[PDB]
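*Asks:* Before I ask anything, let me first share the structure, which is written out below as structure tokens.
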Amino acid sequence: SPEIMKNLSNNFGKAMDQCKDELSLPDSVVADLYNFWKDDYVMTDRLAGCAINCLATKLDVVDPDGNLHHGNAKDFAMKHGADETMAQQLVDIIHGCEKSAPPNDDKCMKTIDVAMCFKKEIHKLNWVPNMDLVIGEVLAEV
């Protein structure tokens, strides 16, 4: 019974259930975000990026005292759990993403681009499966 079966108050269980409605997307793909498929960005399932975006639906739950703000994480989020390097580092990709991810009305798929861009920085936590058998073709160590 992983995170898939472990849901917080509502900030998630609600956003997830709501996302499964508003976005009518599979709450499973979004439930994977909690797993560790971060590497798997919209590139595969944008819904996961949209659902997560809707996750902020209520910042009151996400941030009681203003822990952060979807799209624009306060200096608290990217600090209380950010690497001294990630501080500026992110400013690197975020500079290439945020620049490519304007405040388009499709923020759902726009802002997310960034909300996920940085997420990629995590995908390279300690393990970097730069090459992981996906289709089982000549590319990754099958």
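We label chains A, B, ... in the order they appear in the structure tokens, count residues from 1 in each chain, and number ligands from 1 in the order shown.
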Could you go through chain A and tell me which residues DSSP, when run on the backbone, assigns to alpha helix (DSSP H), listing them as a PyMOL selection string?

*Replies:* chain A and resi 13-22+27-33+46-55+59-62+77-80+84-97+111-123

*Asks:* Quick one: everything within 9 Å of residue 32 (chain A), counting only C-alpha atoms, minus sequence neighbours fewer than 4 positions away in the same chain. Send it as a PyMOL selection string.

*Replies:* chain A and resi 3-4+27-28+36-38+48

*Asks:* Can I get the selection written as a compact mmCIF listing (two decimals), in the first residue's frame, with N, CA and C atoms?

*Replies:*
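See again_1.txt below for the written result:
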# COMPACT_ATOMS: atom_id res chain seq x y z
N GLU A 3 2.03 5.16 -1.70
CA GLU A 3 1.37 6.45 -1.68
C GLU A 3 0.06 6.39 -2.46
N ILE A 4 0.01 5.46 -3.40
CA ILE A 4 -1.17 5.28 -4.22
C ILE A 4 -2.39 5.08 -3.32
N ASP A 27 -6.55 9.61 -12.06
CA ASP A 27 -5.92 9.99 -10.81
C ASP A 27 -4.77 9.03 -10.51
N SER A 28 -4.60 8.07 -11.40
CA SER A 28 -3.54 7.09 -11.24
C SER A 28 -2.21 7.65 -11.75
N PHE A 36 7.46 8.27 -7.88
CA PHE A 36 8.81 8.68 -8.20
C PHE A 36 9.06 8.64 -9.71
N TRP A 37 7.99 8.85 -10.46
CA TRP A 37 8.07 8.84 -11.91
C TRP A 37 8.25 10.28 -12.38
N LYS A 38 8.82 11.09 -11.50
CA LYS A 38 9.06 12.49 -11.81
C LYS A 38 9.66 12.60 -13.22
N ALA A 48 -0.86 14.37 -15.69
CA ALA A 48 -0.11 14.30 -14.45
C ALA A 48 0.42 15.69 -14.10

*Asks:* Counting only C-alpha atoms, what is within 12 Å of residue 142 (chain A), bar same-chain residues fewer than 3 positions away, as an MDAnalysis selection string?

*Replies:* chainID A and resid 131:139

*Asks:* Show which residues sit within 7 Å of region 94-103 of chain A, as a compact mmCIF listing (two decimals) with N, CA and C atoms, in the first residue's frame. Count only C-alpha atoms, and ignore same-chain residues fewer than 2 positions away.

*Replies:*
# COMPACT_ATOMS: atom_id res chain seq x y z
N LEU A 90 18.48 25.78 -10.75
CA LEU A 90 17.12 25.81 -11.27
C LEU A 90 16.94 27.05 -12.14
N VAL A 91 17.51 28.15 -11.67
CA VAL A 91 17.43 29.41 -12.40
C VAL A 91 17.99 29.22 -13.81
N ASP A 92 18.70 28.11 -13.98
CA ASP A 92 19.29 27.80 -15.27
C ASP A 92 18.21 27.27 -16.21
N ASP A 105 -2.76 31.24 -21.36
CA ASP A 105 -4.02 30.84 -20.77
C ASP A 105 -3.99 29.33 -20.49
N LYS A 107 -1.95 27.81 -19.07
CA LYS A 107 -1.03 27.66 -17.96
C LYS A 107 -1.01 26.19 -17.51
N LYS A 110 1.14 25.11 -19.77
CA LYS A 110 2.19 26.10 -19.90
C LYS A 110 3.04 26.11 -18.63
N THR A 111 2.52 26.76 -17.60
CA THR A 111 3.22 26.85 -16.33
C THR A 111 3.77 25.48 -15.94
N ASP A 113 4.90 23.22 -17.61
CA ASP A 113 6.17 23.01 -18.29
C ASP A 113 7.31 23.32 -17.32
N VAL A 114 7.13 24.40 -16.57
CA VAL A 114 8.14 24.81 -15.60
C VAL A 114 7.99 23.97 -14.33
N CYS A 117 9.68 21.26 -15.29
CA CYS A 117 11.05 21.50 -15.70
C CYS A 117 11.96 21.26 -14.50
N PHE A 118 11.65 21.94 -13.41
CA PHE A 118 12.43 21.81 -12.19
C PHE A 118 12.31 20.40 -11.62

*Asks:* Find the residues around residue 86 (chain A) up to 12 Å (only C-alpha atoms counted), leave out those fewer than 6 positions away in its own chain, and share them as a VMD selection string.

*Replies:* chain A and resid 75 77 to 80 92 to 94 118 to 122 124 to 125

*Asks:* Which one of A:30, A:61, A:40, A:68 sits closest to residue 116 (chain A) if you count only C-alpha atoms?

*Replies:*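 Looking only at the distances to residue 116 (chain A), the closest residue turns out to be A:40.
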